Amino acid sequence: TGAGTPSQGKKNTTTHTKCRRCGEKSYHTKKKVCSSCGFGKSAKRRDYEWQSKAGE
Amino acid sequence: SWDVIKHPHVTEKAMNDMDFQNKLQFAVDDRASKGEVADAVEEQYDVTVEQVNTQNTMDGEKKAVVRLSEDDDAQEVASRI
Amino acid sequence: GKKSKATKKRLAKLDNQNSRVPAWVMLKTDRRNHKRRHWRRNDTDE
Amino acid sequence: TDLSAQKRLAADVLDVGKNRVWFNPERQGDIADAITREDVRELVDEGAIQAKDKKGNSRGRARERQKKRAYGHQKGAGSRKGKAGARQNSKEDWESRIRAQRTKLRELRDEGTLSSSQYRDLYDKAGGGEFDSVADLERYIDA
Amino acid sequence: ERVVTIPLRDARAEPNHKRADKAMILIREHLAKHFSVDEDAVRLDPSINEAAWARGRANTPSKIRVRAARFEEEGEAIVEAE
RNA sequence: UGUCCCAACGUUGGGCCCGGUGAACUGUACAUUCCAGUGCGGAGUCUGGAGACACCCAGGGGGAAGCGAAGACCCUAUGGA
RNA sequence: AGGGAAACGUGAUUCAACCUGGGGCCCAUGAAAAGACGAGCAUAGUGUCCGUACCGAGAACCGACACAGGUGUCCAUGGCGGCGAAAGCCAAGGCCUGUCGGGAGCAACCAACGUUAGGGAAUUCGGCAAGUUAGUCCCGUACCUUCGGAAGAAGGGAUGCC
RNA sequence: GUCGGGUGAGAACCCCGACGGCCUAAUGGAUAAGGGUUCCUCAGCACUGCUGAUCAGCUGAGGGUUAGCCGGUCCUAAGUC
RNA sequence: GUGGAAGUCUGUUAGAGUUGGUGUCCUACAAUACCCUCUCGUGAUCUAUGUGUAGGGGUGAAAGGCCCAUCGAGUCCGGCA
RNA sequence: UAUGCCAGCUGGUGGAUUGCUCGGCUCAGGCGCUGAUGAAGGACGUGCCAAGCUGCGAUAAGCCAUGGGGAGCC
Ligand SMILES: [Cl-]
Ligand SMILES: [Cl-]
Ligand SMILES: [Mg+2]
Ligand SMILES: [Mg+2]
Ligand SMILES: [Mg+2]
Ligand SMILES: [Mg+2]
Ligand SMILES: [Mg+2]
Ligand SMILES: [Mg+2]
Ligand SMILES: [Mg+2]
Ligand SMILES: [Mg+2]
Ligand SMILES: [Mg+2]
Ligand SMILES: [Mg+2]
Ligand SMILES: [Mg+2]
Ligand SMILES: [Mg+2]
Ligand SMILES: [Mg+2]
Ligand code: NA
Ligand code: NA
Ligand code: NA
Ligand code: NA
Ligand code: NA
Ligand code: NA
Ligand code: NA
Ligand code: NA
Ligand code: NA
Ligand code: NA
Ligand code: NA
Ligand SMILES: [Sr+2]
Ligand SMILES: [Sr+2]
Ligand SMILES: [Sr+2]
Ligand SMILES: [Sr+2]
Ligand SMILES: [Sr+2]
Ligand SMILES: [Sr+2]
Ligand SMILES: [Sr+2]
Ligand SMILES: [Sr+2]
Ligand SMILES: [Sr+2]
Ligand SMILES: [Sr+2]
Ligand SMILES: [Sr+2]
Ligand SMILES: [Sr+2]
Ligand SMILES: [Sr+2]
Ligand SMILES: [Sr+2]
Ligand SMILES: [Sr+2]
Ligand SMILES: [Sr+2]
Ligand SMILES: [Sr+2]
Ligand SMILES: [Sr+2]
Ligand SMILES: [Sr+2]
Ligand SMILES: [Sr+2]
Ligand SMILES: [Sr+2]
Ligand SMILES: [Sr+2]
Ligand SMILES: [Sr+2]
Ligand SMILES: [Sr+2]
Ligand SMILES: [Sr+2]
Ligand SMILES: [Sr+2]
Ligand SMILES: [Sr+2]
Ligand SMILES: [Sr+2]
Ligand SMILES: [Sr+2]
């Protein structure tokens with residue numbers, strides 16, 4: 001069984017969903033953690049300086 | 001403060017329920033319960049509500065099918081608005 | 001699947017948005033729903 | 001005219017598969033105006049819409065074969081496909097036989113014909129596979 | 001109006017599983033020619049259809065007696081079995 | 001026992017002609033070539049001859065050191081893992 | 001009551017479901033909790049909230065596609081057949097959308113495939129490819145063996161219909 | 001698939017009948033996930049559809065999902081916070 | 001004779017797999033497909049859903065295999081021009 | 001003279017060029033905290049007809065008062 005097309009058919013699991021806090025479809029319904037805003041992980045909002053060029 | 005009755009839901013299927021089963025249909029606030037719909041309807045058109053069925057529609061609203069008692073005539077009620 | 005009340009509200013909103021720009025808006029602006037979606041060609045969120 | 005919706009209502013009102021409903025070729029116009037199920041029932045009573053009969057496979061040729069075989073024919077080596085034990089379950093056969101031999105021995109005993117002592121001796125022999133059949137058992141009892 | 005016998009031996013040129021079809025064509029071409037009319041004007045009565053398809057799509061009769069009538073302003077033909 | 005001697009005939013789908021639909025690869029330029037030679041020694045394009053009226057259809061692929069991929073081999077780099 | 005145009009059966013066999021027992025196995029031991037029973041009867045009232053369409057696939061899902069791929073469950077008792085949930089044929093039911101057609105006895109060439117005289121592996125690295133054999137019953141069965149097996153060894157015969 | 005016919009400005013492929021076929025653990029019936037209105041009706045054919053199209057999963061406009069006793073909801077499992 | 005054991009045999013039962021054709025395909029139906037042949041099919045079996053293990057770390061009946069078409073060290077953005 | 005070569009003409013295709021600027025970019029000065037009295041952000045609503053943006057919040061492109069403003073406005 002190939003890793004390509006044939007294995008794409010088994011994908012019918014729901015993981016990332018609309019997030020209650022930020023509105024993005026990044027709330028992982030299995031981990032109960034938003035990969036976009038950190039909801040479920042931290043009270044503070046997920047943020048990182050590498051999300052932009054260093055001197056900006 | 002949100003009100004219970006939004007407006008009469010008027011469609012072919014609604015008219016039938018009104019002519020054949022003495023039922024009135026309304027678009028109502030989706031936070032309303034069957035009981036709150038019965039009470040609201042009785043106090044707006046002065047009638048007796050026997051049963052209320054509900055459905056959260058694909059229009060984001062709640063539809064209620066209110067059956068009046070045999071003393072009240074759906075057709076006549078609906079016709080005065 | 002099984003939709004929750006909220007999911008259903010969001011789906012309904014998406015259905016509503018998925019409509020034509022009223023004809024009068026054309027005249028008034030003297031001459032496109034850029035968000036027109038198709039159930040098959042597109043994929044909604046959640 | 002396009003009558004496929006009417007075909008679906010008809011199959012439901014006549015309670016049959018759509019493939020079995022028949023629409024009179026000369027009434028496409030009237031059937032075409034049929035909107036409601038009542039419009040369909042109406043046309044049905046008029047005979048404009050009818051349900052074609054369903055088929056059942058004839059079992060005649062089968063029955064004749066069933067008779068030859070019940071009579072012992074058409075079962076020569078050339079007609080067998082399954083292994084012997086598959087044509088007759090051996091354990092099943094033994095159950096049939098041994099039960100028949102025990103019912104026999106039990107009747108002879110209540111009927112006083114066998115002392116519980118001769119009965120015991122024959123019972124243990126049957127259970128030990130001494131007799132091929134009932135007749136074989138009787139032949140043995142007759143010394 | 002007259003009775004004619006159509007030879008369908010040329011259906012053998014078409015693949016075996018579709019001879020019935022080719023036959024129905026040969027019939028129309030034969031009548032069109034012998035009755036001096038356009039093929040589009042030749043009308044084949046279902047009786048002829050059922051005759052050619054009798055043994056399925058692969059087994060056509062080698063010939064077929066056909067009764068055909070000719071008439072009208074534009075010129076047409078109407079045919080059926082016998 | 002058609003693997004072979006040694007191939008034949010037949011079947012179905014294509015192929016071919018017609019209606020409709022309708023891409024891609026590839027393209028420095030010129031280009032009807034062939035035989036020799038020459039040239040960075042492996043030329044349709046240079047030299048000498050030979051041949052060569054234009055266009056189109058079908059074909060199997062000799063050549064364009066054919067197209068596809070900045071050689072996985074080899075070496076080199078005060079390269080990487 | 002309902003349903004059927006009508007009749008609106010009666011017995012039997014084999015018996016999925018479901019019920020209840022007996023036996024055997026483990027250097028393997030085959031969940032838990034809420035709840036229920038234990039603990040009667042009448043009448044009345046209450047029983048809110050969320051889901052409910054449709055597809056479920058050679059066009060509704062994932063694979064950029066109306067993709068020959070991938071994708072769980074139950075229908076496992078429809079008829080003949082036969083050991084069979086096998087093949088083949090046929091019902092109930094579904095379909096002509098594994099969706100471009102028209103024409104040429106329709107050439108070469110290619111993909112699948114049928115039939116080939118005599119020779120019979122000479123072909124090839126190699127029997128690759130194809131073929132040969134075949135189901136069931138009876139007879140019969142070597143070396144070797146860890147005594148289980150080898151074994152369907154091999155070899156021989158039979159096979160329908162009435 | 002074929003012969004007739006229906007509708008339409010227009011019909012090989014939209015519909016009716018007949019004849020001829022295909023599917024039998026599936027090409028039938030009910031569904032899980034997932035999709036999200038694709039479901040039904042009317043009116044359409046510029047777009048989408050391996051050709052055409054009067055058809056449609058396409059376009060326009062409306063409509064459609066009703067529960068004490070079917071799921072959720074309650075319990076706890078590996079395990080998570 | 002009974003009994004009915006077996007990482008037991010035959011078997012396109014369901015289901016799992018893939019020896020050969022170095023067949024078809026190779027701008028594909030498909031960025032791993034199609035057909036025939038072949039292997040397993042009561043168990044160290046197959047399978048659905050849930051759940052756990054995370055990047056010099058997992059997982060591995062060990063092939064440097066697998067960890068979302070990529071693995072002798074994933075992916076994303078940043079260091080970074 | 002067909003197939004055809006080079007250049008131009010008329011008409012297309014295409015959107016270069018020239019002109020234009022509701023947007024950018026950089027500099028300078030000023031100013032500078034918000035939130036449990038629930039912020040920032042998001043969701044879903046809200047219009048006669050209303051999909052998008054903007055506004056607003058079941059009092060929903062808006063309600064009240066004071067001053068400005070003015071014969072138009074939505
Ligand atoms: Cl027992
Ligand atoms: Cl449910
Ligand atoms: Mg409900
Ligand atoms: Mg709509
Ligand atoms: Mg036994
Ligand atoms: Mg045929
Ligand atoms: Mg290089
Ligand atoms: Mg090397
Ligand atoms: Mg190094
Ligand atoms: Mg298709
Ligand atoms: Mg020969
Ligand atoms: Mg040799
Ligand atoms: Mg071989
Ligand atoms: Mg229509
Ligand atoms: Mg699992
Ligand atoms: Na409303
Ligand atoms: Na979608
Ligand atoms: Na051959
Ligand atoms: Na060549
Ligand atoms: Na059977
Ligand atoms: Na078609
Ligand atoms: Na024994
Ligand atoms: Na294989
Ligand atoms: Na790493
Ligand atoms: Na400031
Ligand atoms: Na708007
Ligand atoms: Sr494997
Ligand atoms: Sr596959
Ligand atoms: Sr899955
Ligand atoms: Sr946490
Ligand atoms: Sr941060
Ligand atoms: Sr609606
Ligand atoms: Sr898709
Ligand atoms: Sr020259
Ligand atoms: Sr060629
Ligand atoms: Sr029994
Ligand atoms: Sr349903
Ligand atoms: Sr289904
Ligand atoms: Sr499939
Ligand atoms: Sr049938
Ligand atoms: Sr089509
Ligand atoms: Sr022959
Ligand atoms: Sr040899
Ligand atoms: Sr040799
Ligand atoms: Sr033999
Ligand atoms: Sr047109
Ligand atoms: Sr439809
Ligand atoms: Sr086994
Ligand atoms: Sr190989
Ligand atoms: Sr082969
Ligand atoms: Sr390949
Ligand atoms: Sr096996
Ligand atoms: Sr078994
Ligand atoms: Sr990978
Ligand atoms: Sr960088």
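What's counted below: heavy atoms across the whole structure, side chains too, no hydrogens, waters or symmetry copies. Chain identifiers are assigned alphabetically (A, B, ...) following the order of the sequence lines, protein sequences preceding nucleic acid strands; residue numbering begins at 1 within each chain.
Of the residues in residues 14-37 of chain E, those with a non-hydrogen atom less than 4.0 angstrom from any atom of RNA chain G are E14(E), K22(E), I25(E). Of the residues in residues 42-50 of chain E, those with a non-hydrogen atom less than 4.0 angstrom from any atom of RNA chain H are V42(E), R43(E), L44(E), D45(E), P46(E), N49(E), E50(E). At a non-hydrogen distance threshold of 4.0 Å, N53(B), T54(B), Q55(B), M58(B), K63(B), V65(B) from residues 53-81 of chain B come into contact with RNA chain H. Using a 4.0 Å cut-off on heavy atoms, none of the residues of residues 56-82 of chain E approach RNA chain G. A heavy atom closer than 4.0 Å to some atom of RNA chain G occurs in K3(C), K5(C), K8(C), these being the qualifying members of residues 2-14 of chain C. For the segment residues 36-66 of chain D, residues with any heavy atom less than 4.0 angstrom from an atom of RNA chain H are, sorted by number, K52(D). Taken residue by residue, residues 128-141 of chain D places no heavy atom nearer than 4.0 Å to RNA chain H. Across residues 5-30 of chain A, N12(A), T14(A) each have a non-hydrogen atom less than 4.0 Å from an atom of RNA chain H (numbered order).
Base pair annotation for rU124(G) with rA64(G): unpaired, by the Watson-Crick or G-U wobble rule (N1-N3 plus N6-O4 or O6-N4, or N1-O2 plus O6-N3, under 3.5 Å). Taken as a pair, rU3(F) and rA122(G) qualify: Watson-Crick (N1-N3 plus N6-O4 or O6-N4) or G-U wobble (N1-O2 and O6-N3), both under 3.5 Å. In this structure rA30(H) is paired with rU73(G), meeting the Watson-Crick or G-U wobble definition at both distances under 3.5 Å. Remark: the bases of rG23(G) and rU99(G) do not meet in a Watson-Crick or G-U wobble pair with both edge contacts under 3.5 Å. Taking 3.5 Å as the upper bound for both contacts, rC38(I) pairs with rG17(I) in Watson-Crick or G-U wobble fashion. Remark: the bases of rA7(G) and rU132(G) do not meet in a Watson-Crick or G-U wobble pair with both edge contacts under 3.5 Å.
With the nearest nucleotide of RNA chain G identified for both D15(D) and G78(D), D15(D) has the one nearer the 5' end. Position along RNA chain G of the nearest nucleotide to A86(D) versus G17(D) favours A86(D) as the more 5'-ward residue.
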Scan nucleotides 45-61 of chain H nucleotide by nucleotide, 5' to 3', and note B when protein non-hydrogen atoms come under 4.0 Å of the base, S if they reach only the sugar-phosphate, - if neither.
------------BS---
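Nucleotide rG56(I) carries a south sugar; the sign of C1'-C2'-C3'-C4' is negative.
OP1 or OP2 of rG52(J) lies within a sub-4.0 Å distance of a side-chain N or O belonging to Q17(C). At the phosphate of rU65(H), OP1 or OP2 sits under 4.0 Å from a side-chain N or O atom of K13(B). In terms of phosphate contacts, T44(C) brings a side-chain nitrogen or oxygen within less than 4.0 Å of OP1 or OP2 of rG36(H).
Stacking status of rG8(H) with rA9(H): not stacked, per the base-ring test of centres under 5.5 Å and planes under 30°.
For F23(D), there are no ring pair (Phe, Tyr, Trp, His ring centres under 6.0 Å) partners two or more places apart in sequence or in a different chain. Residues that satisfy the ring pair (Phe, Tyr, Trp, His ring centres under 6.0 Å) test with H30(E), not counting sequence neighbours, are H34(E).
With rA51(J), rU2(I), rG36(H) as the candidates, the nucleotide lying closest to the side chain of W94(D) is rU2(I).
Protein chain C touches strand RNA chain G; the 5'-most and 3'-most nucleotides with an atom under 4.0 angstrom of its non-hydrogen atoms are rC50(G) to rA66(G).
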